[PDB]
Amino acid sequence: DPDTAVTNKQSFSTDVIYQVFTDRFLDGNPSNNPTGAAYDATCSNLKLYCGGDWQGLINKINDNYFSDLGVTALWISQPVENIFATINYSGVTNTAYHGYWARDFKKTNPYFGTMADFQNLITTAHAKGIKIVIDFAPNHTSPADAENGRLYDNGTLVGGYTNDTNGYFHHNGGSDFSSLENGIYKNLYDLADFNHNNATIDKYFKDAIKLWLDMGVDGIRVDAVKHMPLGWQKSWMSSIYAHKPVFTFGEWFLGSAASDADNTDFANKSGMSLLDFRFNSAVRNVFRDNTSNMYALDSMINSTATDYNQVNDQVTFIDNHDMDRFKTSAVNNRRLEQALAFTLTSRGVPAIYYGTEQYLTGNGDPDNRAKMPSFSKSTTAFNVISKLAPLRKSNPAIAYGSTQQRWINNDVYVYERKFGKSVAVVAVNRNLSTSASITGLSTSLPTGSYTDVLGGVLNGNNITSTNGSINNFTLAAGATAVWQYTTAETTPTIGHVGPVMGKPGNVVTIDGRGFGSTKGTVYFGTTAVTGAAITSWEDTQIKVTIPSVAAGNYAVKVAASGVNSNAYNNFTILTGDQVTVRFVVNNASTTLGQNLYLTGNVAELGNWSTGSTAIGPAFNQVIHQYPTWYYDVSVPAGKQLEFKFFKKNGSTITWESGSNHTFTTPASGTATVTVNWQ
Ligand SMILES: [Ca+2]
Ligand SMILES: [Ca+2]
């Protein structure tokens, strides 16, 4: 199957994601709409249910609204049963229309549809080459008070937030958001926090997602990743990747293109991507708010490409469920159109929040979750997506391409996306009133005459190369032209690998060009993977079995016909199955600004390193207070580990003295190991 094929659940780079609040799209079946106050036909009270369902989505798929738009994957609201009750925050009746207040992760939300409806929707999407991505919010249940934040395991009850004897939840009050630990271990407002170190919860959630992947979901958009321990998440991911690997991204909110240490961290160590708020901010500051210029935009591109191990897996967007719509009264259509184009031709997996093609407005929650107004295919923005979306599939330079600043200034940007012998050039002039005389533009386009892929719908123009040298031209006011160049690759050149972390035995997908149809050999580091280990092999996609080599960070290489492909770095190989173990050290007092890390005899703790590979810095305030620190780590299961803490501050490392501490991990689930600092 090609990298392109709907089948490719491990890579979304060639797709376009359509984010849609299920309830706010189409009530394709009235026979399942809420009754009474908890419902509102008009859908004027955005806080109540409006009727949207899975049949509605099915209908749109079937009349090619999506197929005409160009979107290749739907991102739906969480499908699980949510609380049936209603909460009255400040006199206003609030419903769980959003999907985010789960009560039974093992049952479908009746208001969206049934299990068979869901199955019906998973089959109809694949038939048209559309993938389905789902929201999964394992952080918490529903707001305490609605239903005492109860959780049912497929009907049967697990426990409520109150008189929670076995401790399935956290009872440390709610997060004031003053630190990463305060956000992880304390509730989100009234949202009942689950205690993941609790083993039945750890297993409830591995068992839950398993069910959904089993039914055919193609990707999972995890919610509130900054509110759950990394260690746990990673372990959960290894469970998923070991069963049915699927593209997983999470939401870790940021408020700028500004780099963030914990953000970049999670993005490179959890085993899942993030939503690109750094990008979003720059895309909005330049195109929307007029608070930064093309420089800011370019500066973001280089920096993100530099911070994230695999920038191509981040998920770009111009707006979403947690912000003001891109469109407002001062923002004009061309500007929306420009942001879309910029995003569709950009690096990463892009997502369009529902109704952007219909210029929908709505500032803040919930006005930005208005009902889908039209199914019009005429808008210019609708046009732009249909034109461009298809390119991610046809041109691999858009999909896996690098980015090169080829001409820039305050209003004008011309960047280059190139992968192997393929290219795409994109010129953007955010100035709505004055055009720009471009002189001395240089690209990698072979000599020839190029026609703006956008047929001029965004005042685009044609160009002419002369061995990369483009002839002098004028870029009209508010223009944006795209000129590409494609050809058959003849050299194994790796474009993606999914997932990027796993234990030996798992199956990974390598996407790219020029692999030929004759099984060569894979290279996990310096270890050739051949023959039967290579489950599948064709020009654009090779499915290969992760060899059983020492856990660690490898680079992947595909050698087709003796020619070695380029190397895909930072591919993480696990020791084996994981379990989440909480490490607690006592009397581990420190000096001002001195911190506590952890490392031991397995790649998962960092193989005795004191660097960027050691676990930490351990927490010291919510679950355990200073001088006791603690930190939840993903760690090989069943195996006996040796570990040791260490304080680190200026540059100087002080290891605990005496022998190494020891712990033989549990064969499954979770565990806690307490130790005294030596
Ligand atoms: Ca309905
Ligand atoms: Ca939490």
Side-chain angles (χ1 to χ4, degrees), residues 1-19 70-75 129-133 218-221 241 245-250 267-268 271-276 279-280 301 304-305 308-317 340-352 385 388-403 415-420 422-424 426 482 484 486 489 492-501 508-515 538-543 556 558 565-566 568-571:
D1 298 316
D3 52 314
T4 315
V6 66
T7 295
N8 194 12
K9 287 175 192 287
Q10 299 81 43
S11 200
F12 271 69
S13 287
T14 68
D15 310 271
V16 152
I17 297 173
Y18 192 78
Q19 199 200 333
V71 312
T72 57
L74 296 175
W75 159 2
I130 292 174
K131 293 160 186 202
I132 296 302
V133 158
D218 308 83
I220 317 169
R221 194 289 295 208
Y241 294 155
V246 293
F247 187 75
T248 314
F249 46 134
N268 311 311
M272 91 178 68
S273 336
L274 280 313
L275 266 162
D276 212 319
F279 175 98
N280 179 223
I301 293 297
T304 52
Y308 300 124
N309 278 359
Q310 297 94 26
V311 75
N312 289 157
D313 307 319
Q314 307 321 319
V315 186
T316 46
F317 60 99
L340 287 163
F342 179 77
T343 303
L344 299 148
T345 38
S346 276
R347 96 287 173 258
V349 183
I352 307 162
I385 299 172
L388 310 173
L391 267 95
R392 308 204 58 106
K393 296 281 170 188
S394 55
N395 186 282
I398 300 300
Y400 324 111
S402 43
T403 312
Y415 59 93
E416 191 174 88
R417 296 298 305 302
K418 160 176 185 49
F419 173 77
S422 301
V423 194
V426 177
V482 182
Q484 70 163 342
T486 299
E489 205 64 42
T493 193
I494 289 173
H496 191 252
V497 173
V500 280
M501 151 196 93
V508 291
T509 293
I510 310 165
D511 280 327
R513 290 295 184 276
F515 296 158
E538 76 178 47
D539 211 274
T540 76
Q541 186 172 104
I542 305 172
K543 289 174 169 302
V556 171
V558 152
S565 67
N566 62 286
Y568 207 80
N569 292 304
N570 326 102
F571 175 83

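Numbers for residues simply follow the sequence, beginning at 1. Computed over heavy atoms, backbone and side chain alike; hydrogens, waters and symmetry mates excluded.
Counting heavy atoms from C-beta outward, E489 and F419 have side chains that stay 4.5 Å or more apart. Within the 4.5 Å cutoff, no side-chain heavy atoms of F249 are placed close to those of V349. By the 4.5 Å heavy-atom criterion applied to side chains, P350 and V315 are not counted as neighbours. By the 4.5 Å heavy-atom criterion applied to side chains, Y400 and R513 are counted as neighbours.
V16 approaches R392 most closely through the heavy-atom pair CG2-CD, 4.2 Å. Shown here for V6 and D218, the closest heavy-atom pair between the two residues is O-OD2, 4.2 Å. Heavy atoms only, all atoms of each residue included: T540 and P2 are closest at OG1-CA, 3.3 Å. Heavy atoms only, all atoms of each residue included: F571 and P499 are closest at CE1-O, 3.4 Å.
The closest side-chain donor-acceptor pair between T486 and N395 falls under 3.5 angstrom. The closest side-chain donor-acceptor pair between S13 and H496, if any, does not fall under 3.5 angstrom.
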message: Applying side chain to side chain contact (heavy atoms under 4.5 Å, CB included) to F279 and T304, what does each step give before you reach the verdict?
response: CA-CA 8 Å; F279 175 98; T304 52; 5.7 Å; no
task: Go through the steps to decide whether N8 and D1 satisfy the test side chain to side chain contact (heavy atoms under 4.5 Å, CB included), and finish with yes or no.
output: CA-CA 8 Å; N8 194 12; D1 298 316; over 6 Å; no
message: What verdict does the side chain to side chain contact (heavy atoms under 4.5 Å, CB included) test give for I130 and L74, after you've listed the backbone C-alpha separation in whole Å, the side-chain angles of each residue and the deciding distance to 0.1 Å?
response: CA-CA 7 Å; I130 292 174; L74 296 175; 3.8 Å; yes
query: Given the rule in the side chain to side chain donor-acceptor pair (under 3.5 Å) test, do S273 and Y308 qualify, once you have shown the distances and angles that lead to the verdict?
result: CA-CA 9 Å; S273 336; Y308 300 124; over 6 Å; no
task: Determine, stepwise, if the pair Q541 / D3 fulfils side chain to side chain donor-acceptor pair (under 3.5 Å).
output: CA-CA 6 Å; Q541 186 172 104; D3 52 314; 5.9 Å; no
message: The test is side chain to side chain donor-acceptor pair (under 3.5 Å); show your working for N268 and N570 and say whether it passes.
response: CA-CA 9 Å; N268 311 311; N570 326 102; over 6 Å; no
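Atom OG1 in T509 sits 3.5 Å away from atom CD in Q10 (nearest 0.5 Å). The line from CG of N309 to CG of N569 is 8.5 Å long, rounded to the nearest 0.5 Å. Considering CG of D539 and CG of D511, their distance stands at 11.5 Å, rounded to 0.5 Å. Considering OG1 of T248 and CG of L274, their distance stands at 12.0 Å, rounded to 0.5 Å. We find the OG1-CD1 distance between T343 and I352 to be 8.5 Å, quoted to the nearest 0.5 Å. Rounding to the nearest 0.5 Å gives a distance of 9.0 Å between CG of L275 and OG1 of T316.
Between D276 and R347 there is a salt bridge, with a side-chain nitrogen of the basic residue lying less than 4.0 Å from a carboxylate oxygen of the acidic one.
Taking the six-membered ring where the residue is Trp, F342 and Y415 present perpendicular rings, their angle passing 60° and hence far from 30°.
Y568 places no side-chain N or O within donor-acceptor distance of the main-chain N or O of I510, the cut-off being under 3.5 Å. When atom types are taken as modelled, the side chain of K393 and the backbone of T4 share a donor-acceptor pair closer than 3.5 angstrom. A donor-acceptor pair is defined here as one N or O able to donate and one able to accept, closer than 3.5 Å; such a pair exists between the side chain of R417 and the backbone of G401.
Under the 6.0 Å cut-off for aromatic ring centres, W75 and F12 do not qualify, their centroids lying 6.0 Å or more apart.
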